[PDB]
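Form deposited without the DNA, single chain, as structure tokens, below.
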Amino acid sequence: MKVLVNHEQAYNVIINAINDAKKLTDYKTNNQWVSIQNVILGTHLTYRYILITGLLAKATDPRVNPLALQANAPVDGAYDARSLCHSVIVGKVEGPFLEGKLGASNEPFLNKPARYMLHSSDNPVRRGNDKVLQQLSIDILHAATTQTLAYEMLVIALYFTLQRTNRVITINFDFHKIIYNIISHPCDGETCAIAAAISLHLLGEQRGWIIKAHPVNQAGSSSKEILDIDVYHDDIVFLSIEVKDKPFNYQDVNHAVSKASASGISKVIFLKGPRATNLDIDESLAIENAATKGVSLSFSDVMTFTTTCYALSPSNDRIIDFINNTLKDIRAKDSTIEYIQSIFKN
């Protein structure tokens, strides 16, 4: 029998638990605290999400088996752990209330260690550290036999989560040559947004600009692939940018124009990735209609925009933090993270 976990209740549970963790003083309240610290501070991202998700599920509905990863697992209390983790923890909680400190993963239950019916030592794992963390996370979840124990361990896990750092790139290096390669690289999917965001930082860093990127497929988005970048000055957005690596559609335009017009933002740029070039819209019509709503709309290919901003741009004691924060805020994929890591060592 599967258990249908109430995600509204789960959200309130984890918010309470985070609040308890933020004021927690005694974290050694049970013998699993050592294992909890080692998993949460450890290097295996998927086991961190599996641990938080299973503890949250049991603290919300004690009928779940917290070792179940899928609702079709052959155990009583199987439940849709992917849905709980992606909808509640990733979708609503980690960004706003944990500063991306669990890892800022967008879809952690698509990683190989989560693609099993059960979280068990029968699942393959690399010798050494990973094998240790697999068994530790199993042991903690096996100990979460009651709702109150699950909640107690959830608060401990979030207490240590708050101690993690959310930096993925890390000496006065040759930031000139690396930044230019990222600017001018043939982008794909979300790497288009990262390059565009970096370009804007270069151009505006010295002009007081603050660039903020947002993860794709938010609630109420016009399409699933569009990615929002806001450019602030004096803490007011003056430019709203949308990045898409699929052709923009009329709903994308309508949503962005209406959203800017409401906010009093008068400039919107739509940036087209290499796979967004074949138009489904009449860009001229969109611009004309946008003007009637008092919004100045324009379109550019991403790589043209990035190289133009770079040409127009002027120290680099802030580029690393900016990239780290941007990768965190968009819940960047591993491919994107590996690309940025690789080009900083090359």
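Sequential numbering from 1, following the sequence displayed. Take the two forms, find the largest set of C-alpha atoms that superpose within 1.5 Å, and that set is the rigid core.
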Hey, how big is the hole between residue 121 and residue 122 in terms of deposited residues without coordinates: none, 1 to 3, 4 to 9, or 10 or more? none
Which has the higher mean CA temperature factor in the PDB entry, 69-77 or 219-227? 219-227
Between 81-89 and 111-119, name whichever shows the higher mean Cα B factor according to the PDB entry. 111-119
So if I compare the CA B-factors in the entry for 131, 244, 142, 185, which one is the largest? 185
Can you tell me which of 155, 211, 138, 168 has the highest Cα temperature factor in the record? 168
Residue 57 - which third its CA temperature factor falls in, relative to the rest of the chain: lowest
Of the three thirds of its chain by CA temperature factor, lowest, middle or highest, which one includes residue 5? lowest
Classify residue 191 as lowest, middle or highest third according to the C-alpha B-factor given in the PDB entry, relative to its own chain. middle
Based on the deposited C-alpha B factors for this chain, I'd like to know if residue 96 is in the lowest, middle or highest third. highest
By the record's CA B-factor, is residue 203 among the lowest, middle or highest third of residues in the chain? middle
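Beyond what is shown, the protein has a form solved in complex with the DNA; the following relates to that form.
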Residue 98: touches the DNA in the deposited bound form, heavy atom cutoff 4.5 angstroms: no
Taking 4.5 angstroms as the cut-off for heavy atoms, does residue 130 touch the DNA in the deposited bound form? yes
Though only this chain appears here, would residue 161 touch the DNA in the deposited bound form if you measure heavy atom gaps against 4.5 Å? no
Decide whether residue 201 counts as a contact residue for the DNA in the deposited bound form under a heavy atom distance cut-off of 4.5 Å. no
Based on heavy atom distances of at most 4.5 Å to the DNA in the deposited bound form, which listed stretch, 180-188, 153-161, 139-147, 261-269, is the contact stretch? 180-188
Whether 208, 325 and 337 jointly form a contact site for the DNA in the deposited bound form is the question; each needs a heavy atom within 4.5 Å. no
Given a 4.5 Å distance limit between heavy atoms, list every residue of 13-50 close to the DNA in the deposited bound form, or none if there are none. 43, 44, 45, 46
Listing 132, 118, 149, 237 as candidates, which single one shows a C-alpha movement of 2 Å or greater between this form and the one not shown when the core is held fixed? 237
My question is whether residue 28 is one of the residues whose C-alpha shifts by 2 Å or more between this form and the one not shown, given a fit on the rigid core. no
Core-aligned CA displacement of residue 285 at least 2 Å between this form and the one not shown: yes
Aligning on the rigid core, do we see the C-alpha of residue 262 shift 2 angstroms or more between this form and the one not shown? yes
Closer or farther: how do the Cα atoms of residue 45 and residue 335 compare in the deposited bound form versus the shown form, where the change is at least 3 Å? closer
Might you say whether the CA atoms of residue 188 and residue 115 end up closer or farther apart in the deposited bound form than in this form? Their distance differs by 3 Å or more. closer
